[PDB]
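In the numbering used here, the protein residues as written are 156 to 582.
Just so you know, even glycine gets a beta-carbon here, dropped at the ideal spot from N, CA and C.
Here is the structure we will look at.
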DNA sequence: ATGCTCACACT
DNA sequence: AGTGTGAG
Ligand SMILES: Nc1ccn([C@H]2C[C@H](O)[C@@H](COP(=O)(O)NP(=O)(O)OP(=O)(O)O)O2)c(=O)n1
Ligand SMILES: [Mn+2]
Ligand SMILES: [Mn+2]
């Protein structure tokens with residue numbers, strides 16, 4: 156029986172990333188309830204990142220700033236930069252590259268979002284397991300690590316609980332067995348503290364981390380003790396951990412699939428899936444899903460950490476909800492060129508920095524009356540980094556979508572535009 | 001009437 | 001090639 160303990164995998168995720176990025180630049184926002192918002196003039200703007208002090212009052216993402224101000228009257232706000240009539244995230248991307256580069260010096264990372272990367276420490280761990288002989292791992296190596304499920308058996312504040320668990324774990328450590336998966340997790344964890352201190356020391360950003368044996372468990376583990384702590388989730392913590400873990404909380408189970416898992420099987424918690432045979436799960440959700448479900452509810456997941464620090468695509472979009480929809484064609488030309496211009500500015504940076512060029516341009520739109528995030532995706536060739544050509548070509552491949560027989564108008568009105576550069580190739 | 005993204009599977 | 005799902 157292969158037991159999902161071959162790998163040592165960490166997920167590092169920045170604590171309230173956009174807020175921290177603003178708080179480093181505006182020190183008065185530090186250690187105070189703040190949020191970041193986009194576009195201030197509708198309802199104060201929508202909230203895309205919330206500090207932990209603001210979360211104490213009930214402030215969340217997707218809220219409008221004016222509503223958040225009602226929960227938390229003393230709340231401070233930073234507005235994302237605006238350029239060419241639209242949001243501009245350059246600041247946060249550039250902060251992310253800071254974090255990704257540091258992480259890159261320790262091991263091969265898979266960038267999973269603007270603020271998180273997976274790292275595979277299998278190799279680094281065994282190299283460390285030679286470097287310090289066969290000597291103990293002191294608690295002072297894990298000053299911010301929690302051991303999930305510990306303490307157990309026979310102090311009422313959180314750091315007390317942390318210590319007792321870490322003491323229990325370390326006391327139980329089979330130092331003599333460079334084979335044992337729990338020892339490897341521990342050594343992985345020692346590396347992640349170093350990795351995390353390097354991030355805060357070199358960027359001023361704080362973050363959390365999950366250390367386990369696969370991408371999914373490390374993701375779950377990272378969120379258990381946010382902010383500014385890291386959590387080790389061992390194979391043996393899984394049964395109790397999943398026994399009350401709602402299905403929706405596992406990566407990729409938070410949408411329709413997890414909902415059908417709950418409806419069809421009539422269960423609630425991750426651990427309840429172990430009841431079912433693999434074929435049974437493959438009966439209800441297909442070969443790959445039933446397989447993945449069957450092994451995931453036992454802590455086993457085989458998705459690898461992909462060596463990928465650079466995005467596979469560079470994209471640019473703006474929504475036009477309500478009466479703001481675009482319904483003249485000269486209006487569609489202008490915003491197309493607004494988007495093409497930022498894309499060109501970002502593509503030029505990418506080729507200079509990363510020795511690659513995008514070869515295919517994707518143009519996507521939504522139209523008032525449709526329901527789905529995109530209403531239509533079309534493609535063309537990306538041959539010159541010129542905003543005027545990309546926008547012109549973006550128009551050409553969608554101009555037939557105009558139902559309206561009038562020359563000047565555009566109906567149905569367009570509720571979104573999306574340009575994405577892709578199919579990168581070494582240059 | 002939240003925004004703006006990014007990866008991936010299916011077909 | 002184009003759609004849909006899941007995510008931060
Ligand atoms: N729906 C979302 C989710 C995140 N983001 C951006 C801003 C977030 O700060 C940044 C990182 O997202 P996140 O890790 O999911 N949450 P954040 O880092 O803000 O706080 P934590 O909850 O991770 O501490 O992505 C976004 O713009 N739209
Ligand atoms: Mn984060
Ligand atoms: Mn994140």
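Opposite residue i in the DSSP bridges: which residues?
i, result
"residue 565", "Answer by DSSP bridge pairing: none, since residue 565 is not bridged."
"residue 400", "Looking at the DSSP assignment, residue 400 forms no beta bridge with any residue, so it has no partner."
"residue 473", "572"
"residue 231", "189"
"residue 201", "193, 219"
"residue 581", "511"
"residue 237", "242"
"residue 385", "300, 364"
"residue 516", "535, 576"
"residue 379", "Beta-bridge pairing links residue 379 to no other residue."
"residue 273", "166, 265"
"residue 424", "401"
"residue 317", "None; residue 317 has no bridge partner."
"residue 481", "569"
To the nearest angstrom, how far is it from the Cα of residue i to the Cα of residue j?
i, j, result
"residue 436", "residue 383", "38 Å"
"residue 518", "residue 568", "16 Å"
"residue 322", "residue 361", "25 Å"
"residue 439", "residue 419", "8 Å"
"residue 516", "residue 226", "43 Å"
"residue 216", "residue 223", "10 Å"
"residue 479", "residue 570", "8 Å"
"residue 497", "residue 236", "13 Å"
"residue 414", "residue 401", "11 Å"
"residue 325", "residue 336", "14 Å"
"residue 354", "residue 558", "53 Å"
"residue 233", "residue 491", "27 Å"
"residue 444", "residue 406", "13 Å"
"residue 581", "residue 511", "5 Å"
"residue 409", "residue 192", "25 Å"
"residue 456", "residue 256", "27 Å"
"residue 103", "residue 549", "Shown here, the chain extends from 156 to 582; a query on residue 103 therefore has no answer."
"residue 565", "residue 377", "47 Å"
"residue 161", "residue 280", "12 Å"
"residue 254", "residue 464", "11 Å"
"residue 288", "residue 331", "10 Å"
"residue 482", "residue 202", "28 Å"
Flag this pair as yes or no: are the beta carbons of residue i and residue j separated by less than 8 Å?
i, j, result
"residue 554", "residue 460", "no"
"residue 470", "residue 390", "no"
"residue 364", "residue 165", "yes"
"residue 190", "residue 204", "yes"
"residue 250", "residue 167", "no"
"residue 297", "residue 242", "no"
"residue 273", "residue 386", "no"
"residue 358", "residue 292", "no"
Would you say the beta carbon of residue i comes nearer than 7 Å to a heavy atom of ligand 1?
i, result
"residue 271", "yes"
"residue 475", "no"
"residue 554", "no"
"residue 204", "yes"
"residue 471", "no"
"residue 384", "no"
"residue 381", "yes"
"residue 216", "yes"
"residue 261", "no"
"residue 322", "no"
With respect to 7 Å, is the separation between the Cβ of residue i and the closest non-hydrogen atom of ligand 3 below this value?
i, result
"residue 268", "yes"
"residue 168", "yes"
So the beta strand (DSSP E) residue i belongs to, where does it begin and stop?
i, result
"residue 363", "362-367"
"residue 241", "241-243"
"residue 267", "264-268"
"residue 132", "There is simply no residue 132 to check, as the chain begins at 156 and stops at 582 in what is shown."
With respect to 7 Å, is the separation between the Cβ of residue i and the closest non-hydrogen atom of ligand 2 below this value?
i, result
"residue 360", "no"
"residue 440", "no"
"residue 212", "no"
"residue 579", "no"
"residue 172", "yes"
Return the first residue and the last residue of the alpha helix (DSSP H) that residue i is part of.
i, result
"residue 332", "Where residue 332 is concerned, there is no enclosing alpha helix (DSSP H), given that its DSSP letter is neither H nor E."
"residue 504", "484-509"
"residue 283", "277-286"
"residue 523", "Looking at the DSSP string, residue 523 is not in any alpha helix (DSSP H), and its letter there is neither H nor E."
"residue 168", "It is not in any alpha helix (DSSP H) - residue 168 instead sits in the beta strand (DSSP E) that spans 164-169."
"residue 413", "411-420"
"residue 545", "542-551"
"residue 448", "442-451"
"residue 406", "No alpha helix (DSSP H) contains residue 406, which DSSP labels as neither H nor E."
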